[PDB]
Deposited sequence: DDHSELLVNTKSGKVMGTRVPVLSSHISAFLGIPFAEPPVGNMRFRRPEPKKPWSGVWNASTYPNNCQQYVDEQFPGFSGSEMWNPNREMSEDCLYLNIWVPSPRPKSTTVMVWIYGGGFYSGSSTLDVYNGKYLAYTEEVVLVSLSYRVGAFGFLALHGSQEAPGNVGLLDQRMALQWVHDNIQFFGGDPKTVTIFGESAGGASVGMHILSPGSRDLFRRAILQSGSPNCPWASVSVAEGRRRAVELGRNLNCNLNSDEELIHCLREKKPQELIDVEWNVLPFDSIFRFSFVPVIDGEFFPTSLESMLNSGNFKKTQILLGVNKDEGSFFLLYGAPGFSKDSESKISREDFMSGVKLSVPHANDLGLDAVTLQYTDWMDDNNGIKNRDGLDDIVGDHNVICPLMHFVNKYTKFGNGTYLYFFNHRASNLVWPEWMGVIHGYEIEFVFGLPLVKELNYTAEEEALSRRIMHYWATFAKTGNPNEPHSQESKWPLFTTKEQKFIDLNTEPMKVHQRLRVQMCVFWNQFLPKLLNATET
């Protein structure tokens, strides 16, 4: 009946969820792989054997085991993104929000959430799919994927904990969407995978892996590229980090199989607890367990792939927002504090840049400084603050994205790039942080439609323009039905996406992105 569909796995009973002045049918919690518990820890996802009877998809699923942030307890700003259902190793499920009436076959959008590859959840409130589904008539599915040690440990030649198992969890959720979205009214021939931060970086990874390209149509990447420094380690480094974690649990490190066993016997939180004492340096915006470029999955280095066009060739929509840096600076660079108007000193500035470009040599730090300091007022505390805010942002999201944009527009079927720079009116974070990495999401998912949560009317509107551009891109292959230009390697146009009449501009962070994407590398290459 409307809330009871039959899929190749079995029947599933969903629910009606109100949305604005109406309803939608929601199927929360459909399983798609087997609970990777115990022995299966660190193994690739197995597909979920089909069921009898009707499965009750009316409750969001457990969240995955992950790091919970207690830096600013109760503060909604932090809590927003913390997991909200009990964490469980068993956590591989989907959530689908369909219209009522169930459409015949409509556009589908799959949201891969981000969170540095160490956290994240489907069930967050800011990832509530009902508003988008409802307003644009699309089906929306959110997926879960294993994050962290559990999702990205990577003892290379050991089939017991090869890398990227969490990446495959994404791919398996994509396949089930393919094979069964049809019974939900969706059109498998037009599914768009979207995602922010590590989700937007996972999205591009699937555009590059041979095996995933076929499972989706087009993609939308938000503040992420597969090539962002923090999203990938070499094989070696992944080994390196798993003996190091091996040591923080006092595991047997002889027989590699024993490493795997030892960890497979520790309880989840132990691993969560020592999860960060394994990184190799003092660094801000750098995470411990991430995708390894293993050869399988990613045939070869992403630079080669990018360089040769070896990747899916659809059109994409991607963008960056004004203050990417802030969050990391706040939570990790000395001098910054929520509550202060964090004017940095030149002392803490030079401390700051080291945390930001952790791999740079001294000469390299010199180059960075020279680029980001205002010599004409070399200690203006606030300028020092904002300058680090750009050093982290540029180096960690804007520049790697403009790289991917630039390489992929030579072989893809169209690129739409946005620059978001609106500060929501009801943000709880301090003004200095600006347009934080993460705050565009709430607009994309329609929370400014809910009156109860106090946004301003122009934000309601900005949220509608966005959701439209998004859904309209998700089918048409293009975002406008004024015209948002295509990005092109000549006069590289993009638009600002805010509450004022969109304006096309050209060459995003060009001067700085030359430094980061070309200069620095060549300098660190020499010496």
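Need the unmodelled segments of the deposited chain, numbered from 1, in order.
Sequence ranges with no C-alpha atoms are 1 to 3, 485 to 489, 536 to 537.
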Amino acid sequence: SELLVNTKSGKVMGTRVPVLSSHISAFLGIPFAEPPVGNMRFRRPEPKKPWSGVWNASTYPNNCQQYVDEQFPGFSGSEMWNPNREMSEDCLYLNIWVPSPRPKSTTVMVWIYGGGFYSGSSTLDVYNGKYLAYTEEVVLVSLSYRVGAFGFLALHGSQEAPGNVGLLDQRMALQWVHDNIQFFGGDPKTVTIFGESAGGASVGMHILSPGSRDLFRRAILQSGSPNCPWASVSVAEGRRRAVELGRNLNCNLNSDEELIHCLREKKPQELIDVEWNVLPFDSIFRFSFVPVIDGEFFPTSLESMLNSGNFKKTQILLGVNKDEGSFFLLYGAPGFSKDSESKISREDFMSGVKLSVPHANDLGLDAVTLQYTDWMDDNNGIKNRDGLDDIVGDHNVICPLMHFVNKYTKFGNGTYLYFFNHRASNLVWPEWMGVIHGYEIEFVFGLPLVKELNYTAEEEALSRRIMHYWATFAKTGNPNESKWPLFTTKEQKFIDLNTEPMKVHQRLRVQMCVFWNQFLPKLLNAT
From here on, numbers count along this sequence of modelled residues.
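Whichever C-alpha set is largest while still superposing within 1.5 Å between the two forms counts as the rigid core.
Higher-deviation stretch (C-alpha RMS, rigid core fit) in 9 other deposited structures of this protein, choosing from 249 to 257 and 69 to 77
Most displaced of the pair in 9 other deposited structures of this protein: 249 to 257.
Out of 282 to 290 and 442 to 450, which one drifts farther from the shown form in 9 other deposited structures of this protein in terms of CA positions, with the fit done on the rigid core?
Farther from the shown form on average in 9 other deposited structures of this protein: 282 to 290.
Stretch with the greater mean C-alpha B-factor as recorded in the entry, comparing 378 to 386 against 269 to 277:
Comparing 378 to 386 with 269 to 277, the higher mean C-alpha B-factor belongs to 378 to 386.
Which has the higher mean CA temperature factor in the PDB entry, 424 to 432 or 329 to 337?
Comparing 329 to 337 with 424 to 432, the higher average CA B-factor belongs to 424 to 432.
Which of these has the highest Cα B-factor in the record: 156, 395, 206, 178?
Top of the list by C-alpha B-factor: 156.
Which of these, 471, 502, 30, 33, has its C-alpha atom at the highest B-factor, as the entry lists it?
Highest C-alpha B-factor among the listed residues goes to 502.
Please place residue 57 in the lowest, middle or highest third of its chain by C-alpha B factor as given in the entry.
It falls in the middle third of the chain.
In terms of the CA temperature factor given in the entry, to which third of its chain does residue 221 belong: lowest, middle or highest?
CA B-factor rank for residue 221: middle third.
Residue 187, C-alpha B-factor rank within chain (lowest, middle or highest third):
It belongs to the lowest third of the chain when residues are ordered by C-alpha B-factor.
Sorting the chain's modelled residues by C-alpha B-factor, tell me whether residue 146 ends up in the lowest, middle or highest third.
For residue 146, whose C-alpha B-factor we compare with every modelled residue in the chain, the answer is the lowest third.
Among the modelled residues of its chain, does the C-alpha B-factor of residue 296 lie in the lowest, middle or highest third?
Its C-alpha B-factor belongs to the highest third of this chain's values.
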